[PDB]
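The lines below spell out each chain.
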Amino acid sequence: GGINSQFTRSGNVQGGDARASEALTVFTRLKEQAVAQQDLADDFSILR
Amino acid sequence: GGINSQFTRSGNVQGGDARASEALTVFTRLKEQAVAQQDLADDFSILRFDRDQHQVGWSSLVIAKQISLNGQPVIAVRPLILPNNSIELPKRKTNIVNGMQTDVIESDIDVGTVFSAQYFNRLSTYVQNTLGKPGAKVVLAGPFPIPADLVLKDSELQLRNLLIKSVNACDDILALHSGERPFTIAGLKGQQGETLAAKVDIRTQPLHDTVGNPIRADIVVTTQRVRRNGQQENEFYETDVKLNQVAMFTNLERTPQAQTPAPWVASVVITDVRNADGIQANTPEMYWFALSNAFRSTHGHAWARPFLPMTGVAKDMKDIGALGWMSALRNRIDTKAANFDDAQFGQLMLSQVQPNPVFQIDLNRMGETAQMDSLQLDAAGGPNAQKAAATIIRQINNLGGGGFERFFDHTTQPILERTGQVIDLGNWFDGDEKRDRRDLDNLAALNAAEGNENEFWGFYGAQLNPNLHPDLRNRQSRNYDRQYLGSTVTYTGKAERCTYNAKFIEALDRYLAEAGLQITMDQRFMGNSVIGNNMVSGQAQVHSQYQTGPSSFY
């Protein structure tokens with residue numbers, strides 16, 4: 001919390017979620033592939 | 001040597017180290033990736049310390065960051081040793097005598113003995129010459145070896161975390177040398193109506209280091225900030241409310257009394273002390289605040305909780321029934337029974353275990369907290385005994401106001417004591433997963449050897465016999481581990497065990513408690529425990545030859 005802002009050592013550790021961005025990228029690639037193969041229609045959206 | 005130059009056959013063989021260039025390339029790529037993602041700042045350098053052209057035992061990687069203080073350059077270095085399994089260092093020979101025969105003992109050399117004063121002097125001179133500053137001051141930040149048998153091709157995350165932690169340590173030491181505001185508990189009030197709570201935990205899987213090294217941990221004590229207001233929002237969401245963590249495990253030692261005091265005494269060993277993951281700062285005054293949590297484990301005899309049997313499984317390695325082998329009855333007490341429960345478990349602990357524990361620490365000069373372990377080792381005993389104690393007292397005074405003299409007197413009271421015990425550091429691969437070598441303790445050896453007391457006594461003497469030479473003790477300890485654990489043992493370093501002063505812990509706890517720190521946390525009749533306090537000492541008071549001879553003196 002305020003301890004990090006009180007000392008402010010250079011460099012960043014943790015503070016992120018890495019099982020969401022990769023899933024979003026995978027889903028976007030899968031949607032693009034499905035649309036290319038005339039399997040779906042470009043009328044929906046994917047959000048995080 | 002000169003033979004090759006005397007014949008000069010075409011072609012070259014060997015003559016190189018291949019576990020340094022690849023590591024340097026990996027570290028450069030990781031640094032570039034981290035800088036690209038706005039994770040670090042381009043202000044530090046990575047250099048290689050080749051053993052071939054410096055004539056040293058092991059090659060190393062050094063991370064140097066330099067600043068300017070009042071016009072005087074200052075360089076901070078964090079060397080990383082790189083042991084290799086493809087080459088063998090020459091061993092150390094020692095001689096002992098037995099009667100009329102003398103023999104030679106071939107010992108082994110660890111990583112710690114390699115990092116000597118001459119090694120650091122050569123490293124500092126090389127860094128000074130490379131960076132273009134011949135007279136710059138160089139300050140150490142704490143070595144950290146990279147264990148062997150580790151494939152660098154698929155270990156990118158551990159190396160990245162190690163690099164970030166090394167940069168953080170360099171920043172910490174530079175800031176400490178420059179001079180900043182000390183961390184005090186007076187600033188932890190928060191003035192928002194919150195309280196600090198300590199949670200105890202019992203674990204069965206070992207903790208892991210930043211490089212995957214397992215660490216034994218049975219009792220874990222943590223400190224958190226509880227900010228539960230009335231209509232608290234963010235249900236199921238928590239904002240990093242955690243400050244410290246201490247890993248502890250208990251071990252039993254037997255006092256030498258022939259056969260009312262319990263035969264065995266429980267000693268608690270502190271293995272790892274660390275802060276929260278979110279906190280990126282490491283200062284000396286946080287170490288004592290975190291260490292103060294160790295004494296809190298005795299609030300409800302929580303150190304005995306791992307000893308009680310678990311229901312359903314029995315690894316038979318930590319069984320407490322083996323303690324009955326040397327009891328009044330020869331056989332072992334049989335747990336895992338319908339009748340057995342906590343009703344007489346307390347009776348057993350009262351009748352065969354001392355109520356009070358003992359606190360010990362496994363100091364390591366090559367661990368993550370090397371800069372404090374070395375200081376405590378120096379304070380334990382040596383040429384630098386007064387300076388280390390004065391520094392520790394000054395730090396404790398800086399943490400929480402002052403006036404520590406009312407509770408402790410370092411002039412006529414030792415802080416730390418050295419028991420003359422050396423502990424190997426290694427890991428053995430269990431059938432399921434890799435474990436820690438320190439799982440083998442007195443209870444484990446007693447369980448392995450069911451009734452043969454002489455073998456167990458030999459094992460116990462192989463640890464703390466003052467008469468026997470230390471090399472023989474290390475040899476016996478290395479043989480016993482192979483005998484019991486398995487063939488997968490892999491040693492990685494050395495550690496030393498020390499015993500804290502009994503009054504020092506209580507004085508520190510009372511000083512922190514009086515300094516405005518408030519921490520809150522959490523059957524069959526046996527007899528009257530209070531009738532014995534009131535006892536009449538005296539007896540009722542009611543009214544109800546020596547022939548001599550001549551003496552020249554009088």
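Scoring rules and cut-offs
- Residues numbered from 1 in each chain as written, not as in the entry; some residues may be left out.
- Chains lettered and ligands numbered in written order.
- Part of a larger assembly, values for the part shown.
- Heavy atoms only, no water.
- Contact = heavy atoms within 4.5 Å.
- Buried area = accessible area lost by both parts, 1.4 Å probe.
- Salt bridge = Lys/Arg side-chain N within 4 Å of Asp/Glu carboxyl O.
- Polar contact = N/O pair within 3.5 Å; in protein donor to acceptor, adjacent residues only side chain to side chain.
- Helix = DSSP H or I, 4+ residues; strand = E, 2+ residues; numbered from the N terminus.
- Nonpolar A, V, L, I, M, F, W, Y, C, P; charged D, E, K, R; others polar.
- Core = buried A, V, L, I, M, F, W, Y, C linked by side-chain atoms within 4.5 Å.
- Buried < 20%, exposed > 50% of the residue type's maximum accessible area, 1.4 Å probe, protein only.
- Expected span 1.5 Å × (residues − 1).

A. Main features of the interface of chain B and chain A. If you look at the interface, chain B gives 18 residues, while chain A gives ten residues. Summing the contributions of chain B and of chain A, the shared interface buries around 1,400 Å²; its carbon and sulfur component is 50%. Along the contact surface separating chain B from chain A lie two salt bridges. Here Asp172(B) makes a salt bridge to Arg9(A), at a shortest N to O gap of 2.5 Å. On the surface where chain B and chain A come into contact, there are six residue pairs in polar contact. Per-element accounting of the side of chain B that touches chain A gives the leading share, five residues, to helix α5 (residues 156-178) of chain B. Looking at side-chain class alone, the side of chain B that touches chain A contains six nonpolar, four polar and eight charged residues.

B. Representation of the nonpolar core. Residue and element names in this part refer to chain B. Ranked by size, the top nonpolar core spans 80 residues in total, and within it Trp288, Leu291, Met349, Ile396 and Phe404 carry the most contacts. Contacts of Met349, omitting those with residues within four sequence positions, involve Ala304, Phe307 and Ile320. Core analysis: the next-biggest nonpolar cluster, separate from the first, contains 21 residues, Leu40, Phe44, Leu80 and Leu162 among them.

C. Here's a closer look at α5(B). Taking 1.5 Å per residue as the helical rise, α5(B) with its 23 residues ought to reach 33 Å, and the 33 Å between its terminal C-alpha atoms agrees with that figure. Of the residues flanking the end of α5(B), it is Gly179(B), one or two places downstream, whose phi is positive at about 105°.

D. Quick peek at the side chain of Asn251(B). Residue and element names in this part refer to chain B. As for its position among the elements, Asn251 is in strand β12 (residues 244-254). Residue classification places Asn251 among the buried positions, given a relative accessible area of 8%. At a separation of 2.4 Å, a polar atom in the side chain of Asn251 contacts the side chain of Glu253. Ignoring anything within four residues of it in the chain, the contact list for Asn251 reads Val265, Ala266, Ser267, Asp441 and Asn442.

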